[PDB]
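Novice: Here it is: the structure, laid out below.
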Amino acid sequence: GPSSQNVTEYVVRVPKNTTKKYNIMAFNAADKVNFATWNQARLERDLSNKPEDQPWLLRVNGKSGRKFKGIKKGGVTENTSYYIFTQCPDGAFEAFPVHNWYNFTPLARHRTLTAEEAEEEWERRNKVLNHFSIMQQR
Amino acid sequence: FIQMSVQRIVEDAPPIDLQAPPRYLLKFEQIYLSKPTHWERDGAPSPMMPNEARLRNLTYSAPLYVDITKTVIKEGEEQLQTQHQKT
Amino acid sequence: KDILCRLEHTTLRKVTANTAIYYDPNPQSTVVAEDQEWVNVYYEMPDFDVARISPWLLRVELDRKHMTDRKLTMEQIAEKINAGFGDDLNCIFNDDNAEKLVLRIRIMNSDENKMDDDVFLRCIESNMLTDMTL
Amino acid sequence: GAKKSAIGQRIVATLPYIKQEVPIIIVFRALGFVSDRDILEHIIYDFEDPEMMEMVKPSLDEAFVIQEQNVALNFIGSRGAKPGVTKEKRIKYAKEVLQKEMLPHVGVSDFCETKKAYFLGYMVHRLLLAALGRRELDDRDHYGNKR
Amino acid sequence: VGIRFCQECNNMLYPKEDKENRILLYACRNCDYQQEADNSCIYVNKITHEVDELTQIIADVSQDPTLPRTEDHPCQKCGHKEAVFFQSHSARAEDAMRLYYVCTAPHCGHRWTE
Amino acid sequence: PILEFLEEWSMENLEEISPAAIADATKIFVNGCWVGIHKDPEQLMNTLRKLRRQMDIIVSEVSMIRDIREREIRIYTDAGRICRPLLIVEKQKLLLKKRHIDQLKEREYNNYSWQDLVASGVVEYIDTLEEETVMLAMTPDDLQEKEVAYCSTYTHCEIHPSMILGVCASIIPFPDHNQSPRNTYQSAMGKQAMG
Amino acid sequence: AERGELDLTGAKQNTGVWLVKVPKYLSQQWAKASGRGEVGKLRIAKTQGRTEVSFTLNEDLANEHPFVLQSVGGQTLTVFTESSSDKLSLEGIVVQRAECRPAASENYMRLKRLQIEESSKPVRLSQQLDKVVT
Ligand SMILES: [Zn+2]
Ligand SMILES: [Zn+2]
């Protein structure tokens with residue numbers, strides 16, 4: 001059929017400027033990120049430093065859902081550029097430079113030991129009993 | 001070291017910023033070397049041959065000159081840039 | 001050479017090939033298929049372990065060549081472990097006829113009937129490998 | 001020991017400008033990698049190798065208590081040559097030590113934590129290969145190691 | 001032998017026993033998460049560790065110009081006459097003299113020991 | 001210049017990869033800094049060697065080392081690396097041909113010098129780390145000639161074996177006929193001679 | 001609905017996008033005009049059991065770029081944008097990765113040398129003075 005020898009060629013357009021900047025969001029494969037449950041999400045700059053040069057914080061489904069932290073790619077693409085092709089009704093490809101690259105990793109939510117609490121465990125760090133029990137006590 | 005390290009080191013140094021409030025900025029950007037020179041009692045420079053350095057117990061050194069750019073801000077929305085060539 | 005063996009220090013590590021802390025909840029049904037054949041032989045008339053038995057199991061395989069080189073048989077090794085640990089550990093071993101020499105170890109039944117039922121085996125396993133003297 | 005030899009052999013790191021060494025997993029926690037999978041992916045590049053996995057187990061247990069980057073940074077800062085007056089200052093100091101003093105050749109920029117983590121993972125991976133006997137120890141006399 | 005990580009926080013799963021059912025469970029720490037274990041072996045160490053060096057050997061070694069090459073040991077997989085042979089020469093053996101062979105033919109990284 | 005070329009070629013940066021891919025790919029190190037990974041290490045080394053021999057982006061003193069067993073390519077560009085020139089061998093044949101010698105013979109009034117040998121890709125510098133991956137021939141007329149195939153994959157050839165000696169050891173006549181310590185004694189004595 | 005809400009509509013439609021790595025000169029040529037609405041044509045040819053991707057530079061722009069696809073299963077990538085009106089949205093999900101390579105081999109390095117030399121123009125070296133500064 002035609003698919004056995006189909007040939008597709010489309011024009012490339014590079015708008016001089018766009019109101020919205022383009023950046024790449026990357027999720028590790030082991031994270032098994034799924035967008036079906038992403039009913040709501042929040043993306044904002046971090047508050048630990050306390051803006052344009054600070055890490056980004058991603059929250060999904062408010063506090064109930066998983067939380068991810070994005071960090072700008074330190075390595076710069078001085079000799080390289082990245083572009084994204086998006087299908088359009090006119091049938092011509094459009095390429096947008098990648099303003100930034102961000103790597104997001106999940107943040108597990110649970111009663112993580114506080115800094116003060118960890119000090120007590122440091123005494124028994126070398127010799128501890130029933131690693132499971134330590135979390136139950138906390 | 002002469003052709004690269006000396007120049008790289010000076011350019012690596014951050015510009016000097018001084019606040020009194022007028023702001024003074026000093027930047028070292030270009031390096032210059034002359035032939036090994038010796039200065040007499042009268043102060044007349046003459047090229048220093050190594051044998052003269054050996055015989056007269058003179059160190060065989062070359063004068064080092066740096067271009068310096070000085071910009072001054074007087075908190076009056078005026079900027080004046082002056083450069084001292086071959087310091 | 002017999003005098004040489006009685007002088008050179010030999011520990012369980014030298015004569016043991018590999019060890020594995022198998023779960024083995026029910027001694028009657030062993031996780032290891034081959035182990036089942038001879039384990040049942042020791043379980044027709046169990047002694048001192050009928051009341052209770054630690055769910056965890058420790059299986060150690062003894063290299064045949066090393067055992068023969070030191071003239072060590074399956075018997076005194078069990079006796080030494082029992083003698084060293086008294087009734088703390090119950091030791092069950094196969095017959096030399098089988099191509100593989102095995103020695104199943106479990107914690108005393110009285111303790112089963114405080115540190116950890118699982119991590120304690122590792123402490124014993126490491127301790128018996130080096131500190132214990134055959 | 002009873003539990004000393006049960007866990008095995010644990011890895012430690014002696015970072016610059018720190019009085020005492022720290023568990024290796026702690027430095028990974030400070031760099032921003034929290035979960036064990038994330039840290040191990042930087043150290044063990046093949047998860048089908050059971051021998052390599054067992055080597056890091058004692059290190060994970062030692063740093064099991066610390067589970068957050070700020071906690072890890074505070075732990076490093078608490079051991080600094082100039083202990084911080086408060087927790088907030090300690091973290092800033094600890095972050096600065098890692099940012100500049102630790103693996104400076106890898107980078108000094110604020111977004112170089114991943115690069116430093118990968119190299120620190122490589123340092124741990126190289127140590128494991130030596131411990132497992134897969135790679136022979138480096139020779140001080142070998143003149144290609146000299147400058 | 002297998003190492004399992006929690007599906008929630010991607011942390012290590014450690015063995016645990018449930019007295020209610022008496023079945024091995026790999027329970028996550030600081031995550032109140034549990035999984036149904038199947039291997040039933042929580043720990044195993046081989047002191048002898050007669051690990052087949054063929055697993056550790058890498059097919060790319062055939063590209064090393066410093067390794068000897070023999071025409072007397074053709075590759076069984078493809079019949080190529082040339083092969084690159086070498087010793088493991090790695091610690092933990094105490095006897096490293098047997099030669100491991102790697103087929104020199106490209107796309108056939110077959111490794112064998114005579 | 002080294003890093004720019006690697007990025008242009010199929011070298012995946014550390015940031016833009018999944019750690020699961022580090023298993024098969026070879027790590028790329030530049031001056032000790034892990035830059036990225038590569039899938040075709042054999043082609044990368046061939047390209048790097050070709051560029052260096054052409055006095056392209058890579059300069060002559062840049063040393064590329066491939067650890068085939070360890071799946072690592074290390075590139076060094078810093079100072080203090082001791083290296084020596086060696087003749088290149090391809091297909092058991094020196095790239096140094098009679099035409100190179102003839103041009104050298106008329107060294108003056110011809111502008112042909114040692115640099116043209118390096119530019120021509122006939123001789124390249126090899127540092128001690130790179131020498132571990134080099135299969136070296138002591139002489140061309142005895143090592144890479146058709147004979148009992150001790151080795152048929154020579155990559156380099158010594159210009160002359162006597163270049164392993166230094167200034168003071170180079171005045172000893174027939175030093176290969178002397179017991180070695182007496183060659184060490186002469187190197188000390190030759191500095192105290194008169195002239 | 002809030003300022004920080006992310007418009008995940010693109011994810012719902014499962015829109016597919018391609019990530020391409022291209023050199024500077026190709027982008028540098030595009031950046032020259034960058035307002036003509038045209039920089040070239042992307043040609044994709046498929047066969048019975050093989051597909052090839054190539055790109056052609058515009059004739060006016062110049063006054064062959066074969067494309068090699070890459071696996072995307074090892075990592076999941078998504079594209080999002082930040083609107084100037086503080087309205088973040090998800091453009092789509094990356095479905096394929098490709099790389100752009102130079103067709104030429106020998107003369108291509110000449111442009112690379114000029115690029116390196118051009119990058120060396122800001123780089124500065126010490127200069128000799130024939131006469132002592134007075
Ligand atoms: Zn968990
Ligand atoms: Zn083959």
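Ligands are numbered from 1 in the order shown, chains are lettered A, B, ... in the order of the structure tokens, and residues start at 1 in each chain.
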Can you pull out every residue with an atom within 6 Å of ligand 2? Use only C-alpha atoms and all ligand atoms and format it as a list in words.
Specialist: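 If we count only C-alpha atoms and all ligand atoms, the neighbours of ligand 2 turn out to be residues 75, 77, 78, 80, 103, 105, 108 and 110 of chain E.
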Novice: Give me the residues near segment 22-32 of chain D as JSON, numbers by chain, where near means some atom within 9 Å (using only C-alpha atoms) and where sequence neighbours in that chain fewer than 6 positions away do not count.
Specialist: {"D": [10, 11, 12, 13, 14, 15, 39, 59, 60, 62, 63, 64, 66, 67, 68, 69, 70, 71, 72, 73, 74, 75, 76, 79, 94, 95, 98, 113, 114, 116, 117, 120, 121, 124]}
Novice: Restrict the selected residues to N, CA and C atoms and save them as an mmCIF file, in the first residue's frame.
Specialist:
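So result_23.cif came out as:
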```cif
data_model
loop_
_atom_site.group_PDB
_atom_site.id
_atom_site.type_symbol
_atom_site.label_atom_id
_atom_site.label_comp_id
_atom_site.auth_asym_id
_atom_site.auth_seq_id
_atom_site.Cartn_x
_atom_site.Cartn_y
_atom_site.Cartn_z
ATOM 1 N N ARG D 10 31.473 -0.484 54.657
ATOM 2 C CA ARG D 10 30.794 0.739 54.260
ATOM 3 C C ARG D 10 31.789 1.767 53.738
ATOM 4 N N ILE D 11 31.321 2.574 52.790
ATOM 5 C CA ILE D 11 32.138 3.564 52.100
ATOM 6 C C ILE D 11 31.962 4.904 52.797
ATOM 7 N N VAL D 12 33.044 5.672 52.879
ATOM 8 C CA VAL D 12 33.021 7.011 53.449
ATOM 9 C C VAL D 12 33.782 7.941 52.517
ATOM 10 N N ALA D 13 33.472 9.230 52.619
ATOM 11 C CA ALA D 13 34.118 10.257 51.816
ATOM 12 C C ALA D 13 34.749 11.292 52.731
ATOM 13 N N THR D 14 35.962 11.710 52.394
ATOM 14 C CA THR D 14 36.698 12.717 53.154
ATOM 15 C C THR D 14 36.735 13.990 52.315
ATOM 16 N N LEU D 15 35.695 14.805 52.447
ATOM 17 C CA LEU D 15 35.600 16.027 51.670
ATOM 18 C C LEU D 15 36.558 17.084 52.216
ATOM 19 N N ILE D 39 20.304 7.472 43.672
ATOM 20 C CA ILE D 39 21.712 7.460 44.051
ATOM 21 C C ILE D 39 22.424 6.270 43.422
ATOM 22 N N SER D 59 26.639 0.971 53.155
ATOM 23 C CA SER D 59 26.649 2.426 53.047
ATOM 24 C C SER D 59 25.238 2.994 53.112
ATOM 25 N N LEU D 60 24.281 2.337 52.453
ATOM 26 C CA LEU D 60 22.903 2.815 52.494
ATOM 27 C C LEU D 60 22.356 2.782 53.914
ATOM 28 N N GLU D 62 23.936 2.975 56.795
ATOM 29 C CA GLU D 62 24.531 3.980 57.668
ATOM 30 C C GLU D 62 23.863 5.335 57.477
ATOM 31 N N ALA D 63 23.560 5.698 56.231
ATOM 32 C CA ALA D 63 22.902 6.957 55.915
ATOM 33 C C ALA D 63 21.394 6.801 55.758
ATOM 34 N N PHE D 64 20.817 5.733 56.312
ATOM 35 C CA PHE D 64 19.376 5.533 56.199
ATOM 36 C C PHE D 64 18.606 6.622 56.933
ATOM 37 N N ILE D 66 19.198 9.847 57.435
ATOM 38 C CA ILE D 66 19.071 11.068 56.649
ATOM 39 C C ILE D 66 18.314 10.749 55.367
ATOM 40 N N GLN D 67 17.202 11.452 55.146
ATOM 41 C CA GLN D 67 16.335 11.192 54.008
ATOM 42 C C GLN D 67 16.038 12.434 53.178
ATOM 43 N N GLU D 68 16.539 13.605 53.570
ATOM 44 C CA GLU D 68 16.265 14.843 52.860
ATOM 45 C C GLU D 68 17.564 15.592 52.604
ATOM 46 N N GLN D 69 17.579 16.357 51.511
ATOM 47 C CA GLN D 69 18.784 17.085 51.131
ATOM 48 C C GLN D 69 19.197 18.074 52.213
ATOM 49 N N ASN D 70 18.236 18.817 52.763
ATOM 50 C CA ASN D 70 18.564 19.789 53.799
ATOM 51 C C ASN D 70 19.137 19.105 55.032
ATOM 52 N N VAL D 71 18.571 17.959 55.412
ATOM 53 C CA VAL D 71 19.114 17.210 56.542
ATOM 54 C C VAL D 71 20.546 16.786 56.252
ATOM 55 N N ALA D 72 20.796 16.274 55.045
ATOM 56 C CA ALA D 72 22.150 15.870 54.680
ATOM 57 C C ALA D 72 23.096 17.063 54.667
ATOM 58 N N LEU D 73 22.659 18.187 54.092
ATOM 59 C CA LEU D 73 23.502 19.377 54.074
ATOM 60 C C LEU D 73 23.813 19.845 55.488
ATOM 61 N N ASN D 74 22.814 19.828 56.371
ATOM 62 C CA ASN D 74 23.054 20.208 57.757
ATOM 63 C C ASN D 74 24.065 19.274 58.409
ATOM 64 N N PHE D 75 23.958 17.973 58.137
ATOM 65 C CA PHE D 75 24.909 17.026 58.706
ATOM 66 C C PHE D 75 26.327 17.334 58.248
ATOM 67 N N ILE D 76 26.503 17.629 56.959
ATOM 68 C CA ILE D 76 27.821 18.005 56.460
ATOM 69 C C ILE D 76 28.268 19.320 57.085
ATOM 70 N N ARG D 79 29.716 19.325 60.567
ATOM 71 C CA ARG D 79 31.075 18.812 60.658
ATOM 72 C C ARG D 79 32.093 19.721 59.984
ATOM 73 N N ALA D 94 27.578 24.263 54.035
ATOM 74 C CA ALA D 94 27.738 22.941 53.443
ATOM 75 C C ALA D 94 27.524 22.990 51.938
ATOM 76 N N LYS D 95 26.505 23.723 51.490
ATOM 77 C CA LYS D 95 26.276 23.859 50.057
ATOM 78 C C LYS D 95 27.461 24.533 49.378
ATOM 79 N N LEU D 98 30.425 22.006 48.978
ATOM 80 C CA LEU D 98 30.189 21.140 47.830
ATOM 81 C C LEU D 98 30.269 21.912 46.522
ATOM 82 N N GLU D 113 25.453 20.198 40.171
ATOM 83 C CA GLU D 113 25.300 19.131 41.154
ATOM 84 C C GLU D 113 25.223 17.767 40.480
ATOM 85 N N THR D 114 24.510 17.673 39.357
ATOM 86 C CA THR D 114 24.415 16.398 38.657
ATOM 87 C C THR D 114 25.780 15.944 38.159
ATOM 88 N N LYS D 116 28.714 16.719 39.414
ATOM 89 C CA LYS D 116 29.493 16.284 40.567
ATOM 90 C C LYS D 116 28.977 14.965 41.120
ATOM 91 N N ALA D 117 27.663 14.747 41.081
ATOM 92 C CA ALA D 117 27.115 13.476 41.540
ATOM 93 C C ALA D 117 27.571 12.329 40.652
ATOM 94 N N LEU D 120 31.231 11.740 41.424
ATOM 95 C CA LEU D 120 31.310 11.105 42.734
ATOM 96 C C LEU D 120 30.789 9.677 42.671
ATOM 97 N N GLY D 121 29.751 9.441 41.869
ATOM 98 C CA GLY D 121 29.324 8.076 41.622
ATOM 99 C C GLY D 121 30.385 7.266 40.907
ATOM 100 N N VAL D 124 32.947 6.255 43.413
ATOM 101 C CA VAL D 124 32.467 5.115 44.187
ATOM 102 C C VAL D 124 32.463 3.858 43.333
#
```
Novice: Got a sec: who's within 7 Å of segment 17-32 of chain B, counting only C-alpha atoms, leaving out chain neighbours fewer than 5 positions off, as a VMD selection string?
Specialist: (chain B and resid 7 10 to 11 64 to 75 86) or (chain G and resid 126 to 129)
Novice: Selected residues, C-alpha atoms, written as a compact mmCIF listing (two decimals), in the first residue's frame, please.
Specialist:
```
# COMPACT_ATOMS: atom_id res chain seq x y z
CA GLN B 7 47.52 37.26 30.00
CA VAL B 10 45.25 39.13 34.58
CA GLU B 11 42.01 38.76 32.63
CA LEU B 64 55.72 44.19 32.13
CA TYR B 65 53.02 46.65 31.06
CA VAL B 66 49.25 46.31 31.44
CA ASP B 67 46.48 48.40 29.92
CA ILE B 68 44.04 49.53 32.61
CA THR B 69 40.56 50.94 32.00
CA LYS B 70 39.18 53.26 34.68
CA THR B 71 35.50 54.26 34.68
CA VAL B 72 34.05 56.63 37.28
CA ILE B 73 30.40 57.05 38.28
CA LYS B 74 29.40 60.15 40.26
CA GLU B 75 25.77 59.16 41.03
CA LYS B 86 50.78 50.28 29.09
CA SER G 126 50.56 38.91 25.55
CA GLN G 127 52.12 41.22 22.96
CA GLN G 128 55.79 42.08 22.48
CA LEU G 129 57.07 45.67 22.53
```
Novice: Residues of segment 24-145 of chain D in helix (DSSP H, G or I) according to DSSP, as a ChimeraX atom specification?
Specialist: /D:24-31,36-43,50-62,69-78,87-101,113-132,143-145
Novice: Can those selected residues be exported to a file as a PDB file, in the first residue's frame so that it contains C-alpha atoms?
Specialist:
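Output file result21.pdb is given in full below:
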```pdb
ATOM      1  CA  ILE D  24      29.114   8.447  50.915  1.00  0.00           C
ATOM      2  CA  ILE D  25      25.325   8.296  50.586  1.00  0.00           C
ATOM      3  CA  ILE D  26      25.118  11.468  52.680  1.00  0.00           C
ATOM      4  CA  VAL D  27      27.121  13.421  50.100  1.00  0.00           C
ATOM      5  CA  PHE D  28      24.722  12.158  47.437  1.00  0.00           C
ATOM      6  CA  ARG D  29      21.822  13.299  49.626  1.00  0.00           C
ATOM      7  CA  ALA D  30      23.428  16.730  49.978  1.00  0.00           C
ATOM      8  CA  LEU D  31      23.882  17.009  46.207  1.00  0.00           C
ATOM      9  CA  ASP D  36      18.099   5.001  46.778  1.00  0.00           C
ATOM     10  CA  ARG D  37      17.364   4.185  43.133  1.00  0.00           C
ATOM     11  CA  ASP D  38      18.458   7.676  42.088  1.00  0.00           C
ATOM     12  CA  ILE D  39      21.712   7.460  44.051  1.00  0.00           C
ATOM     13  CA  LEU D  40      22.474   3.888  42.988  1.00  0.00           C
ATOM     14  CA  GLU D  41      21.868   4.724  39.325  1.00  0.00           C
ATOM     15  CA  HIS D  42      24.838   7.101  39.600  1.00  0.00           C
ATOM     16  CA  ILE D  43      27.049   4.414  41.201  1.00  0.00           C
ATOM     17  CA  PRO D  50      24.197  -8.561  42.243  1.00  0.00           C
ATOM     18  CA  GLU D  51      27.800  -8.352  43.469  1.00  0.00           C
ATOM     19  CA  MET D  52      27.978  -4.576  43.015  1.00  0.00           C
ATOM     20  CA  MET D  53      24.599  -4.049  44.686  1.00  0.00           C
ATOM     21  CA  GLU D  54      25.583  -5.944  47.836  1.00  0.00           C
ATOM     22  CA  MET D  55      28.708  -3.799  48.212  1.00  0.00           C
ATOM     23  CA  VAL D  56      26.758  -0.555  48.741  1.00  0.00           C
ATOM     24  CA  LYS D  57      24.228  -2.044  51.180  1.00  0.00           C
ATOM     25  CA  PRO D  58      26.221  -1.133  54.331  1.00  0.00           C
ATOM     26  CA  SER D  59      26.649   2.426  53.047  1.00  0.00           C
ATOM     27  CA  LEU D  60      22.903   2.815  52.494  1.00  0.00           C
ATOM     28  CA  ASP D  61      22.095   1.579  56.001  1.00  0.00           C
ATOM     29  CA  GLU D  62      24.531   3.980  57.668  1.00  0.00           C
ATOM     30  CA  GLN D  69      18.784  17.085  51.131  1.00  0.00           C
ATOM     31  CA  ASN D  70      18.564  19.789  53.799  1.00  0.00           C
ATOM     32  CA  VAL D  71      19.114  17.210  56.542  1.00  0.00           C
ATOM     33  CA  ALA D  72      22.150  15.870  54.680  1.00  0.00           C
ATOM     34  CA  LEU D  73      23.502  19.377  54.074  1.00  0.00           C
ATOM     35  CA  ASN D  74      23.054  20.208  57.757  1.00  0.00           C
ATOM     36  CA  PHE D  75      24.909  17.026  58.706  1.00  0.00           C
ATOM     37  CA  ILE D  76      27.821  18.005  56.460  1.00  0.00           C
ATOM     38  CA  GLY D  77      27.729  21.587  57.717  1.00  0.00           C
ATOM     39  CA  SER D  78      27.696  20.455  61.342  1.00  0.00           C
ATOM     40  CA  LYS D  87      21.001  25.370  61.018  1.00  0.00           C
ATOM     41  CA  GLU D  88      20.333  27.771  58.138  1.00  0.00           C
ATOM     42  CA  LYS D  89      23.935  29.003  58.081  1.00  0.00           C
ATOM     43  CA  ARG D  90      25.273  25.440  58.255  1.00  0.00           C
ATOM     44  CA  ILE D  91      23.348  24.459  55.121  1.00  0.00           C
ATOM     45  CA  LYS D  92      24.646  27.499  53.243  1.00  0.00           C
ATOM     46  CA  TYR D  93      28.176  26.611  54.343  1.00  0.00           C
ATOM     47  CA  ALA D  94      27.738  22.941  53.443  1.00  0.00           C
ATOM     48  CA  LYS D  95      26.276  23.859  50.057  1.00  0.00           C
ATOM     49  CA  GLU D  96      29.201  26.220  49.451  1.00  0.00           C
ATOM     50  CA  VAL D  97      31.761  23.532  50.327  1.00  0.00           C
ATOM     51  CA  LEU D  98      30.189  21.140  47.830  1.00  0.00           C
ATOM     52  CA  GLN D  99      29.714  23.902  45.252  1.00  0.00           C
ATOM     53  CA  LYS D 100      33.391  24.936  45.269  1.00  0.00           C
ATOM     54  CA  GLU D 101      35.638  22.795  47.468  1.00  0.00           C
ATOM     55  CA  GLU D 113      25.300  19.131  41.154  1.00  0.00           C
ATOM     56  CA  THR D 114      24.415  16.398  38.657  1.00  0.00           C
ATOM     57  CA  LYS D 115      27.895  16.506  37.122  1.00  0.00           C
ATOM     58  CA  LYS D 116      29.493  16.284  40.567  1.00  0.00           C
ATOM     59  CA  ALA D 117      27.115  13.476  41.540  1.00  0.00           C
ATOM     60  CA  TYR D 118      28.005  11.484  38.424  1.00  0.00           C
ATOM     61  CA  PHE D 119      31.732  11.891  39.041  1.00  0.00           C
ATOM     62  CA  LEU D 120      31.310  11.105  42.734  1.00  0.00           C
ATOM     63  CA  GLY D 121      29.324   8.076  41.622  1.00  0.00           C
ATOM     64  CA  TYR D 122      32.175   7.210  39.271  1.00  0.00           C
ATOM     65  CA  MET D 123      34.624   7.512  42.168  1.00  0.00           C
ATOM     66  CA  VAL D 124      32.467   5.115  44.187  1.00  0.00           C
ATOM     67  CA  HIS D 125      32.015   2.822  41.187  1.00  0.00           C
ATOM     68  CA  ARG D 126      35.777   2.739  40.644  1.00  0.00           C
ATOM     69  CA  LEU D 127      36.282   1.907  44.322  1.00  0.00           C
ATOM     70  CA  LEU D 128      33.782  -0.957  44.104  1.00  0.00           C
ATOM     71  CA  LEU D 129      35.555  -2.433  41.077  1.00  0.00           C
ATOM     72  CA  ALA D 130      38.817  -2.427  43.027  1.00  0.00           C
ATOM     73  CA  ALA D 131      37.078  -4.026  46.009  1.00  0.00           C
ATOM     74  CA  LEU D 132      35.408  -6.636  43.795  1.00  0.00           C
ATOM     75  CA  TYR D 143      54.579   7.399  34.895  1.00  0.00           C
ATOM     76  CA  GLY D 144      51.395   8.215  32.973  1.00  0.00           C
ATOM     77  CA  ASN D 145      49.867   9.043  36.357  1.00  0.00           C
TER      78      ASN D 145
END
```
Novice: Could I get the residue neighbourhood of ligand 1 at 9 Å, counting only C-alpha atoms and all ligand atoms, as an MDAnalysis selection string?
Specialist: (chainID A and resid 108) or (chainID E and resid 5:13 27:34)
Novice: Those same residues - N, CA and C atoms - I'd like them written as a CSV table (one decimal), in the first residue's frame.
Specialist:
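As written to disk, again_38.csv reads:
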```csv
chain,number,residue,atom,x,y,z
A,108,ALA,N,9.5,12.0,47.3
A,108,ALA,CA,8.6,11.2,48.1
A,108,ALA,C,8.1,12.0,49.3
E,5,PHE,N,13.3,-2.3,44.7
E,5,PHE,CA,13.1,-0.9,45.2
E,5,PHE,C,11.6,-0.6,45.3
E,6,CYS,N,11.3,0.2,46.3
E,6,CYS,CA,9.9,0.6,46.6
E,6,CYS,C,9.4,1.4,45.4
E,7,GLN,N,8.1,1.0,45.0
E,7,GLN,CA,7.4,1.7,43.9
E,7,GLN,C,6.9,3.1,44.3
E,8,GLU,N,6.9,3.5,45.5
E,8,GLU,CA,6.4,4.8,46.0
E,8,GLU,C,7.5,5.8,46.1
E,9,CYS,N,8.5,5.5,46.9
E,9,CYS,CA,9.6,6.5,47.1
E,9,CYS,C,10.9,6.0,46.5
E,10,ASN,N,10.9,4.9,45.7
E,10,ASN,CA,12.1,4.4,45.0
E,10,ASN,C,13.3,4.2,46.0
E,11,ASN,N,13.0,3.6,47.2
E,11,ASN,CA,14.0,3.3,48.2
E,11,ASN,C,14.1,1.8,48.2
E,12,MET,N,15.1,1.4,49.0
E,12,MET,CA,15.4,-0.1,49.1
E,12,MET,C,14.3,-0.8,49.9
E,13,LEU,N,14.0,-2.0,49.4
E,13,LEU,CA,13.0,-2.9,50.0
E,13,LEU,C,13.8,-3.9,50.8
E,27,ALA,N,9.5,-5.3,52.7
E,27,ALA,CA,8.8,-4.1,53.2
E,27,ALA,C,9.7,-2.9,53.1
E,28,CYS,N,9.2,-1.8,52.5
E,28,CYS,CA,9.9,-0.6,52.4
E,28,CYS,C,10.0,0.1,53.8
E,29,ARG,N,11.1,0.7,54.0
E,29,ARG,CA,11.3,1.5,55.3
E,29,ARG,C,10.9,2.9,55.0
E,30,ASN,N,10.4,3.6,56.1
E,30,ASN,CA,9.9,5.0,56.1
E,30,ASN,C,8.9,5.2,55.0
E,31,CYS,N,8.2,4.1,54.6
E,31,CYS,CA,7.2,4.2,53.6
E,31,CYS,C,5.9,3.4,53.9
E,32,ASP,N,5.9,2.6,55.0
E,32,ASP,CA,4.8,1.8,55.3
E,32,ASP,C,4.2,1.1,54.1
E,33,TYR,N,5.1,0.6,53.3
E,33,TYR,CA,4.8,-0.1,52.0
E,33,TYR,C,5.4,-1.5,52.1
E,34,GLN,N,4.6,-2.5,51.6
E,34,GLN,CA,5.0,-3.9,51.6
E,34,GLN,C,4.7,-4.5,50.2
```
Novice: Any idea what's packed within 12 Å of residue 61 of chain G, counting only C-alpha atoms, ignoring anything in its chain fewer than 2 positions away? Could you give it as a ChimeraX atom specification?
Specialist: /G:25-34,36-41,56-59,63
Novice: When DSSP is applied to the backbone of this structure, which of chain D are assigned strand (DSSP E)? Write them out as a list in words.
Specialist: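 Secondary structure check on chain D, strand (DSSP E): residues 12, 13, 22 and 23 of chain D.
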Novice: Would you export the selected residues with N, CA and C atoms as a PDB file, in the first residue's frame, please?
Specialist:
```pdb
ATOM      1  N   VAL D  12      33.044   5.672  52.879  1.00  0.00           N
ATOM      2  CA  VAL D  12      33.021   7.011  53.449  1.00  0.00           C
ATOM      3  C   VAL D  12      33.782   7.941  52.517  1.00  0.00           C
ATOM      4  N   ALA D  13      33.472   9.230  52.619  1.00  0.00           N
ATOM      5  CA  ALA D  13      34.118  10.257  51.816  1.00  0.00           C
ATOM      6  C   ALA D  13      34.749  11.292  52.731  1.00  0.00           C
ATOM      7  N   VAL D  22      32.452  11.565  56.034  1.00  0.00           N
ATOM      8  CA  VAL D  22      31.002  11.407  56.071  1.00  0.00           C
ATOM      9  C   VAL D  22      30.631  10.176  55.255  1.00  0.00           C
ATOM     10  N   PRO D  23      29.524   9.502  55.557  1.00  0.00           N
ATOM     11  CA  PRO D  23      29.091   8.400  54.697  1.00  0.00           C
ATOM     12  C   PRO D  23      28.856   8.893  53.279  1.00  0.00           C
TER      13      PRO D  23
END
```
Novice: Would you list which chain A residues are within 6 Å of chain D using only C-alpha atoms, as a VMD selection string?
Specialist: chain A and resid 74 115 125
Novice: Please produce an output containing N, CA and C atoms for each residue in the selection, written as a PDB file, in the first residue's frame.
Specialist:
```pdb
ATOM      1  N   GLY A  74      22.975  22.438  33.970  1.00  0.00           N
ATOM      2  CA  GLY A  74      24.162  23.259  34.146  1.00  0.00           C
ATOM      3  C   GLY A  74      24.984  23.379  32.878  1.00  0.00           C
ATOM      4  N   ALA A 115      16.083  17.340  60.936  1.00  0.00           N
ATOM      5  CA  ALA A 115      17.506  17.480  61.230  1.00  0.00           C
ATOM      6  C   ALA A 115      17.786  17.239  62.706  1.00  0.00           C
ATOM      7  N   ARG A 125      24.002   5.322  64.898  1.00  0.00           N
ATOM      8  CA  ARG A 125      24.160   5.076  63.469  1.00  0.00           C
ATOM      9  C   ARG A 125      25.055   3.870  63.216  1.00  0.00           C
TER      10      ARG A 125
END
```
